[PDB]
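J.: Experimental coordinates follow, after the sequence.
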Amino acid sequence: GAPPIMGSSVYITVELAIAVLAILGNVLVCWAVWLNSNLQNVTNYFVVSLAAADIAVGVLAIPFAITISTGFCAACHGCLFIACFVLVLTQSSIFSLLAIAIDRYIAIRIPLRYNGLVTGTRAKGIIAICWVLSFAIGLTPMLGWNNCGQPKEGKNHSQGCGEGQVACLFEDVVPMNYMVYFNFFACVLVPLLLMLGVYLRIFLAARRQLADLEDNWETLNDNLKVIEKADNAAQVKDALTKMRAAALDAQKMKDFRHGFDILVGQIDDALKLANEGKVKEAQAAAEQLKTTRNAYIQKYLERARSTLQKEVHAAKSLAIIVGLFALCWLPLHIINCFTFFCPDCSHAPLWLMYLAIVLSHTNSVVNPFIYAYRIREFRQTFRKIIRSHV
Ligand SMILES: CC(C)CCC[C@@H](C)[C@H]1CC[C@H]2[C@@H]3CC=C4C[C@@H](O)CC[C@]4(C)[C@H]3CC[C@]12C
Ligand SMILES: CC(C)CCC[C@@H](C)[C@H]1CC[C@H]2[C@@H]3CC=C4C[C@@H](O)CC[C@]4(C)[C@H]3CC[C@]12C
Ligand SMILES: CC(C)CCC[C@@H](C)[C@H]1CC[C@H]2[C@@H]3CC=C4C[C@@H](O)CC[C@]4(C)[C@H]3CC[C@]12C
Ligand SMILES: Nc1nc(NCCc2ccc(O)cc2)nc2nc(-c3ccco3)nn12
Ligand SMILES: CCCCCCCC/C=C/CCCCCCCC(=O)O
Ligand SMILES: CCCCCCCC/C=C\CCCCCCCC(=O)O
Ligand SMILES: CCCCCCCC/C=C\CCCCCCCC(=O)O
Ligand code: NA
């Protein structure tokens, strides 16, 4: 058996490296939001809370991980805090991710009522609540759901731990049934699936709105040909009554509102001509709607389409964050399920256990990178902060 300090020297070195990268990267995220007003929106206040949890992973959780890797003697309940504090940070990260998902879904469904519903004051209140709930969920083993009353006295006596002390090891003090059912299934897996559902609703909402935009645009043009090729004024009337319905519904910034008053107004003039039996007068009047189309409606069509495909891109990037979170944390969870559900399976090897632990901590390094590559606003603010200062 190779000396244990050798493998542990690699682990601790890798742990410290990740801590540096998690602190630096997420400190850069928080500094960009504080600095750039374009990044000071409600969505980014959850990014800041998620950035705060990653900073704390390198400042506290990783130093705690290195500690518990040594099995040092400790009062079991103090050992519990060392083991479970990271479960607080990951639980807050999940609430922050979930909050972001719901934030964008409210933005895509009811943009007109978003600014009045999702305010900064309310986001701060939600963040404060989610952290309290994160501390309660993460520190639930401290409330009694622990194996401190069932100490491994064979291991405790080995390393000469005093009265009420235990060789501080994660699996000796934290009960696996909490890790699998409560922390993974209930508190991580369920919210993650909910996030999946929310983002699938964001992409569905956007796809349906881009179909609506193109459906109303094809209606304006398809049906304009119906008037050009009309034979009687009632056919020009049956066509004009559809665009006025499609125009009033599409009306739901100063000159987009202006062009829609011209369009509905022009439809009302050609519709009146059609009611008076003026088929050709209504046709010429309807040809004036093509002036309003190009000068106004064509511009609102590329503005609403651009805003929606901006929301799809932003939603994709933010979904990549949730996927990478799952990617980095699932291995640790999945191994726990094997230790728990398969007592006949040989425990995962120590090198894989700490590879999974390291992988889970690497998630605290990746988020600043996704922002620097996907969100132009964050990227430009990073190049500005770094060119100016560091
Ligand atoms: C405000 C923050 C940043 C300060 C850091 C405080 C941390 C490091 C403190 C708070 C509670 C502390 C623990 C409380 C109890 C015990 C049991 C003892 O037998 C070994 C030390 C141990 C496990 C302590 C380790 C250090 C600890 C985790
Ligand atoms: C989330 C994505 C990346 C998938 C991750 C799946 C990983 C964690 C899976 C794939 C194969 C799995 C291993 C398959 C078989 C064994 C042998 C058993 O005696 C202990 C568990 C152990 C060692 C498993 C641990 C978890 C494992 C490594
Ligand atoms: C996020 C998505 C992937 C859902 C997560 C599915 C998880 C919970 C699944 C994927 C693989 C599964 C494991 C596959 C094999 C075994 C060995 C068996 O003797 C006990 C159950 C156990 C240990 C399963 C537990 C549940 C498990 C870990
Ligand atoms: N099972 C587990 N173990 C550890 N550390 C102990 C590694 C170990 C496991 C077995 C052994 O004989 C010696 C050492 N940290 C752990 N963290 C988690 C975890 C955190 C979040 C979700 O799962 N699970 N987990
Ligand atoms: C609001 C921060 C205070 C601590 C929150 C405790 C979290 C546990 C309770 C969860 C239910 C939601 C809490 C809402 C309390 C404030 C309600 C309000 O004043 O509008
Ligand atoms: C901003 C400060 C960040 C943290 C600074 C301290 C980092 C030191 C690294 C890990 C702490 C490990 C302490 C030693 C473990 C206990 C030793 C033992 O009991 O055997
Ligand atoms: C960001 C800060 C959020 C507010 C933090 C305070 C909320 C605390 C919530 C519940 C704590 C439950 C754990 C109590 C364990 C006590 C330790 C022990 O058992 O000895
Ligand atoms: Na911890």
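T.: Now that the structure is in, tell me what you want to look at. Numbering: from 1, shown residues only. Ligands and ions are numbered 1, 2, ... in the order given.

J.: Enumerate every residue touching the closest residue to ligand 1 within the stretch 251-390 of the chain.
T.: Nearest residue of the stretch 251-390 of the chain to ligand 1: residue 364, at 16.2 Å (CB to the nearest ligand atom). In this view, the C-beta of every residue, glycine as well, is placed from N, C-alpha and C. If you count contacts by CB atoms under 8 Å, 6 or more residues apart in numbering, residue 364 has them with 18, 22, 26, 53-55, 57-58.

J.: how about the lengthiest helix in the chain, does it reach ligand 3?
T.: Determined from DSSP state H, the single longest helix within the chain is helix 303-341. Yes. Using CB under 6 Å from any ligand atom, we find that helix 303-341 touches ligand 3 at 330, 334, 337-338, 341.

J.: neighbours around residue 255, how many?
T.: 12 (other CB atoms under 10 Å).

J.: which residues touch whatever helix or strand residue 259 lives in?
T.: Applying DSSP states H and E as the criterion places residue 259 in helix 254-275. By CB under 8 Å, 6+ apart, the residues outside helix 254-275 that reach it are 227, 233-234, 236-237, 240-241, 243-244, 247-248, 250-251, 281-283, 285-286, 288-289, 292-293, 295-297, 299-300, 303.

J.: Quick check, residue 362 in contact with residue 328.
T.: Yes. Using CB atoms under 8 Å as the test, residue 362 is close enough to residue 328 to be in contact (5.9 Å).

J.: ok now the longest helix of the chain, how far from the chain's centre?
T.: 7 Å (CA atoms, centre = their mean, to the nearest Å).

J.: One more: stretch 343-352?
T.: For stretch 343-352 - counting by CA atoms, centre = their mean - the centre lies 33 Å from the chain centre.

J.: Is it positioned near ligand 2?
T.: Yes. Judged by CB under 6 Å from any ligand atom, stretch 343-352 comes into contact with ligand 2 through 345-346, 348, 352.

J.: Need the distance between the two termini of that stretch.
T.: With CA to CA, to the nearest Å as the measure, stretch 343-352 spans 18 Å from end to end.

J.: and what of stretch 284-299?
T.: So stretch 284-299: terminal residues 23 Å apart, CA to CA.

J.: Tell me the buried residues in that stretch?
T.: 285-286, 289, 292-293, 296-297 (16 or more other CB atoms under 10 Å).

J.: out of those, who's nearest residue 157?
T.: When the buried residues of stretch 284-299 are compared for distance to residue 157 (CB to CB), residue 297 comes out closest, at 82.2 Å.

J.: State the number of residues packed around residue 19.
T.: Neighbour tally, residue 19, other CB under 10 Å: 23.

J.: Could you check how far it is from residue 389?
T.: Distance check for residue 19 against residue 389: by CB to CB, to the nearest Å, it reads 22 Å.

J.: try residue 168
T.: Counting by CB to CB, the gap from residue 168 to residue 389 is 40 Å.

J.: Helix or strand next in line after whichever helix or strand residue 103 is part of, which one?
T.: Taking DSSP H and E as the criterion, residue 103 maps to helix 76-109. Downstream of helix 76-109, the first helix or strand assigned by DSSP H and E is helix 114-117.

J.: Would you map out the domains in the protein?
T.: 1-210+303-390, 211-302 (CATH domains of a matching chain).

J.: Those: which one's closest to ligand 7?
T.: Per CB to the nearest ligand atom, nearest to ligand 7 of the domains of the chain: domain 1-210+303-390, 3.7 Å.

J.: count of residues packed around the residue of the chain found nearest ligand 6?
T.: Going by CB to the nearest ligand atom, ligand 6 is nearest to residue 72 of the chain, at 3.2 Å. Residue neighbour count, defined by other CB under 10 Å, stands at 16 for residue 72.

J.: Please name the residues that touch it.
T.: 167-168.

J.: hmm, try it at 10 Å
T.: By CB atoms under 10 Å, 6 or more residues apart in numbering, the contact set of residue 72 is 79, 82, 159, 161, 165-169.

J.: quick one, strands of the chain?
T.: Assigned by DSSP state E, the chain shows strands spanning 73-75, 165-167.

J.: ok, for residue 180, nearest residue in space, not its chain neighbours?
T.: Of all residues not flanking residue 180 in the chain, residue 340 sits nearest, at 4.6 Å (CB to CB, 6 or more residues apart in numbering).

J.: tell me the contacts of that neighbour?
T.: Contacts of residue 340 (CB under 10 Å, 6+ apart): 175-181, 184.

J.: and what of residue 349?
T.: If you count contacts by CB under 10 Å, 6+ apart, residue 349 has them with residue 355.

J.: and what of residue 81?
T.: Neighbouring residues of residue 81 by CB under 10 Å, 6+ apart: 64, 74-75, 88, 138-139, 141-142.

J.: circling back to that earlier point, for the helix holding residue 103, what is the distance to the chain centroid?
T.: For helix 76-109, the distance to the chain centre is 12 Å (CA atoms, centre = their mean).

J.: Same question for stretch 219-229.
T.: With CA atoms, centre = their mean, you get 43 Å for stretch 219-229.

J.: Convert that stretch to PDB, retaining C-alpha atoms only.
T.: Output of stretch 219-229 as PDB, limited to C-alpha atoms (Å, rounded to 0.1, in the frame of the first residue of the first chain):
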ATOM      1  CA  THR A 219     -51.100  36.500 -43.100                       C
ATOM      2  CA  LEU A 220     -50.500  40.200 -43.900                       C
ATOM      3  CA  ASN A 221     -48.800  39.300 -47.200                       C
ATOM      4  CA  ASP A 222     -50.700  36.200 -48.200                       C
ATOM      5  CA  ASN A 223     -54.000  38.000 -47.700                       C
ATOM      6  CA  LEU A 224     -52.800  41.200 -49.400                       C
ATOM      7  CA  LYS A 225     -52.500  39.100 -52.600                       C
ATOM      8  CA  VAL A 226     -56.100  38.100 -52.000                       C
ATOM      9  CA  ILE A 227     -57.100  41.700 -52.300                       C
ATOM     10  CA  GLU A 228     -54.900  42.300 -55.400                       C
ATOM     11  CA  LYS A 229     -56.600  39.400 -57.100                       C
END
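
J.: Nice, that's everything, thank you.
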